[PDB]
Amino acid sequence: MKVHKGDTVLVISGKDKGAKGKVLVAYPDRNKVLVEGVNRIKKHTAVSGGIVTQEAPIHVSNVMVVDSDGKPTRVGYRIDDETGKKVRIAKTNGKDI
Amino acid sequence: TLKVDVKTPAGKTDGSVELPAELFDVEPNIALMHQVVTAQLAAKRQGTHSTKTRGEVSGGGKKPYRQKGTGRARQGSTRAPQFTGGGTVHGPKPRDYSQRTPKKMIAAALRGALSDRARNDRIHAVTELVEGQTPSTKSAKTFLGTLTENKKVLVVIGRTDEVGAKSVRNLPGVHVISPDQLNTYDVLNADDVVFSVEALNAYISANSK
RNA sequence: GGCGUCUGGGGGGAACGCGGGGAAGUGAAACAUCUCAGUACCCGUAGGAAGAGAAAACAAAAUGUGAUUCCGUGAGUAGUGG
RNA sequence: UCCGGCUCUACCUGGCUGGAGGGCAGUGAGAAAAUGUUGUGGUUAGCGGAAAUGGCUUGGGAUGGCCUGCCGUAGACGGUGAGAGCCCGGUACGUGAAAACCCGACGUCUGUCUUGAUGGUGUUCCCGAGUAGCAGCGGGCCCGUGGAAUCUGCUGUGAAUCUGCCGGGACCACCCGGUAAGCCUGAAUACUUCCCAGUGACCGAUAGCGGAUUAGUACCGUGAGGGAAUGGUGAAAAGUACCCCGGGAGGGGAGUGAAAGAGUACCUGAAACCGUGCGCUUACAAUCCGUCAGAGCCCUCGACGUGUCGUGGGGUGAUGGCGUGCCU
């Protein structure tokens, strides 16, 4: 949904604004994603761990994919008719991502 | 008479247009215009407000219990109005609010509105909002900014000026109309009016004869 | 009538339609004529619409109109009516 | 228009029937199917789609405020941690169908005319029969049987084919109009179970569909049938690890959270109602329950002087006077 697992992003709204991370998980039914190092909740478990700190999801609208050069971007879609593959690109540099 | 200087997106002046007094220097009648816009908005109002009476509500056919003996109040249906879940007595039903306003009253209100605007020098005229077949909201915005610093603008243009319409459409305080659809409500909601020359002369040639 | 074979029907469906059947509460300050009402309900039937429809019509002396249906008026008039 | 074969038979001459150029139409009420080719024609999936990580500040969070820019055929509507044109779905706009289906077009094909029409002259035949009309009883027409035509059902009776018949509101004559008793016929018209896209000076959980929830459910009834109630934590479960009391429930610390005066009994959290605590009052009193006066007590605000006074304010109320609820 323009933001995929493994994609690197930058948080633009939220408490973790200015932070990057890999999209570890994506929930399109929720339009959320789960990123490393952001939205860090302190979960209580009934175990060693106890108050274990983990990452929670976050709305995909609050993140922007990062360019090749380390800049955010809205994501566009060209068409690779040489292989019929609709591929992702950045709106800034036009390069694939 | 009252002359309006036609303008161009280049800030030029194609010339002038005469404004007849019978259409642009009539005395305005506030009560007339009130009635006319009230009727306009009444026609706009769709009476899509309905309710169910105790007859339309589901059930309530049988008397709940014996008239006498129970110590309860007398009832004839569970869907009576006093009952929760029951009918609405005098509630909205679908109705058309369109007032049957006379044509002379409508026209006179329109002319009074345009005359107020003309007296206060709020009627501008132009050749075209932008040049050909490249809708440019930037261009239209800049042009209207020259013509007027106001928020509320009424652009009167033919049904064939799709380019100018589209160019000026997305601007917030702008309302686009055709001269054959001119109306008191839109003219009065507008702080300024901006005709195309063909549209203005069309209104003129329609309302003259 | 029996045997064989072939083609079809059968039932459902919210509304609308056509043809038939057809109440009563009510109103009339009673009530029966009348009304309610050809309503509700029922029956038989469809079609995507149906029905009607190409004058054994209207009209009124106008060299008149010219299938049917529907809308508005005519007009709550002419009339009808214990 | 041409040809052929018949035209009882062959012979001259008059009709029919096949074939051929061509028209004329057609899946239509006007005869009926099938057949292909084919329309950036449509529907049934969708796709793209500009422009801010902007600064400062507040805040848990910016979608707030102030200021900077930018797009705009896109400032429609929603979402996103609070009013987002520039974060997202998208919007304007533009694209997109292999297959199926529906509209077309082109033709195959089918039918028909094609031996045909043209325009004239005078007599016999035909022009829809148990019909019309008539009568009786009825229906319905504005018309409730009325003078009651027209239309129409049943029962009887029962004609005429054009100088004939029907209607022109009893009926007769004249005149006019039409030509029944045979059929078909699209459009304008009515409706929405259902599907799609949208709108609301419509409701917003006792409302709005009965049904936001287990809904025609639970439940009631033998049955037909009747027929409910039940929404909101938080932005995110981060849904309270761990310790303590406890059998548990529930709680207290601790923690999460911006907030637990958000703890799955959860937004706000009124009233009735139930308590707890403080002040005043009340156990010699006859009370529509209050009002007016008002002692004393308490609190409060000011002043001065240091606690009495005031342009005071409130709560209580000993006590006295007056006083017969609301509605109908």
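These values consider heavy atoms only, across backbone and side chains, with no hydrogens, waters or symmetry-generated copies. All chains are named by letter (A, B, ...) in the order of the sequence lines, taking the proteins before the strands, and each is independently numbered beginning at 1.
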Whether B:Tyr203 and B:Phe195 hold their rings parallel, tilted or perpendicular, with breakpoints at 30° and 60°: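 Rings of B:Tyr203 and B:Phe195: parallel, under 30°.
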Gap between atoms [atom1] and [atom2], on [X] and [N] respectively (whole Å):
{"X": "A:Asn39", "N": "D:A236", "atom1": "CG", "atom2": "P", "value": "11 Å"}
{"X": "A:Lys91", "N": "D:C87", "atom1": "NZ", "atom2": "P", "value": "11 Å"}
{"X": "A:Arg40", "N": "D:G255", "atom1": "CZ", "atom2": "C1'", "value": "17 Å"}
{"X": "B:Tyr97", "N": "D:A201", "atom1": "OH", "atom2": "P", "value": "8 Å"}

Side-chain donor/acceptor contact of A:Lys71 with base of D:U53 under 3.5 Å: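 Donor-acceptor pair under 3.5 Å: yes.
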Distance-only donor-acceptor test, B:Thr78 side-chain atoms vs D:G227 base atoms, 3.5 Å: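 Result: no qualifying N/O pair found.
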Cationic tip of A:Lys32 above A:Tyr27 ring, under 6.0 Å, 45° of axis: no
Given [options], identify the nucleotide with an atom nearest to the side chain of [X].
{"X": "B:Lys166", "options": "D:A74, D:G210, D:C93", "answer": "D:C93"}
{"X": "A:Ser61", "options": "D:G227, D:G79, D:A76", "answer": "D:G79"}
{"X": "A:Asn62", "options": "D:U256, D:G60, D:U80", "answer": "D:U80"}
{"X": "A:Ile41", "options": "D:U199, D:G208, D:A238", "answer": "D:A238"}
{"X": "B:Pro135", "options": "D:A50, D:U73, D:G210", "answer": "D:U73"}
{"X": "A:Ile12", "options": "D:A241, D:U53, D:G216", "answer": "D:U53"}
{"X": "A:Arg74", "options": "D:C202, D:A228, D:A52", "answer": "D:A52"}
{"X": "A:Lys86", "options": "D:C86, D:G210, D:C47", "answer": "D:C47"}
{"X": "B:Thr137", "options": "D:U53, D:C88, D:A74", "answer": "D:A74"}
{"X": "A:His59", "options": "D:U73, D:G239, D:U80", "answer": "D:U80"}

Need the pucker for [N]. North if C1'-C2'-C3'-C4' is positive, south if negative.
{"N": "C:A24", "answer": "north"}
{"N": "D:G239", "answer": "south"}
{"N": "D:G263", "answer": "south"}

Would you classify [X] as touching base, sugar-phosphate or nothing, given that sugar-phosphate means primed atoms plus P, OP1 and OP2, and contacts are heavy atoms under 4.0 Å?
{"X": "A:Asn31", "answer": "nothing"}
{"X": "A:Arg78", "answer": "nothing"}
{"X": "B:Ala140", "answer": "nothing"}
{"X": "B:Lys62", "answer": "nothing"}
{"X": "A:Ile58", "answer": "nothing"}
{"X": "A:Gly14", "answer": "base"}
{"X": "B:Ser136", "answer": "sugar-phosphate"}
{"X": "A:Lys15", "answer": "base"}
{"X": "B:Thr134", "answer": "nothing"}
{"X": "A:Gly49", "answer": "nothing"}
{"X": "A:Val11", "answer": "nothing"}
{"X": "B:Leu171", "answer": "base"}
{"X": "A:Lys17", "answer": "sugar-phosphate"}
{"X": "B:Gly60", "answer": "sugar-phosphate"}

I'd like to know if [M] pairs with [N], where a pair means Watson-Crick or G-U wobble geometry with both distances below 3.5 Å.
{"N": "D:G302", "M": "D:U230", "value": "no"}
{"N": "D:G133", "M": "D:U291", "value": "no"}
{"N": "D:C165", "M": "D:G90", "value": "no"}
{"N": "D:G247", "M": "D:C12", "value": "no"}
{"N": "D:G323", "M": "D:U319", "value": "no"}
{"N": "D:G4", "M": "D:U17", "value": "yes"}
{"N": "C:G17", "M": "C:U45", "value": "yes"}
{"N": "D:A76", "M": "D:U157", "value": "no"}
{"N": "D:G104", "M": "D:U38", "value": "yes"}
{"N": "D:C134", "M": "D:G156", "value": "yes"}

Donor-acceptor contact present, side-chain [X] to main-chain [Y], <3.5 Å:
{"X": "B:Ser115", "Y": "B:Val26", "value": "yes"}
{"X": "B:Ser196", "Y": "B:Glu198", "value": "no"}
{"X": "A:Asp16", "Y": "A:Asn39", "value": "yes"}

D:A84 and D:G65, which share atom name P, separated by this distance in whole Å: 10 Å
Separation of the P atoms in D:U324 and D:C289, to the nearest angstrom: 9 Å
Do [M] and [N], which sit next to each other in the strand, have six-membered ring centres within less than 5.5 angstrom and planes differing by under 30°?
{"N": "D:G275", "M": "D:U276", "answer": "yes"}
{"N": "D:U230", "M": "D:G231", "answer": "no"}
{"N": "D:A249", "M": "D:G250", "answer": "yes"}
{"N": "D:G323", "M": "D:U324", "answer": "no"}
{"N": "C:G20", "M": "C:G21", "answer": "yes"}

Test item: side-chain donor near acceptor, B:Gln82 and B:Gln75, under 3.5 Å: yes
Test of ring centre spacing under 6.0 Å for B:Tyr185 and B:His34: no
Residue pair B:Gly164 / B:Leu129: nearest heavy atoms and the distance that separates them: O-CD1, 3.8 Å
Closest approach of A:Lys91 to A:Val75 (non-hydrogen atoms, all atoms of both residues):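 Minimum heavy-atom separation between A:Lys91 and A:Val75: NZ-O, 3.6 Å.
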Residues A:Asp80 and A:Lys86 bridged, charged N to O under 4.0 Å: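 No, A:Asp80 and A:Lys86 are not salt-bridged.
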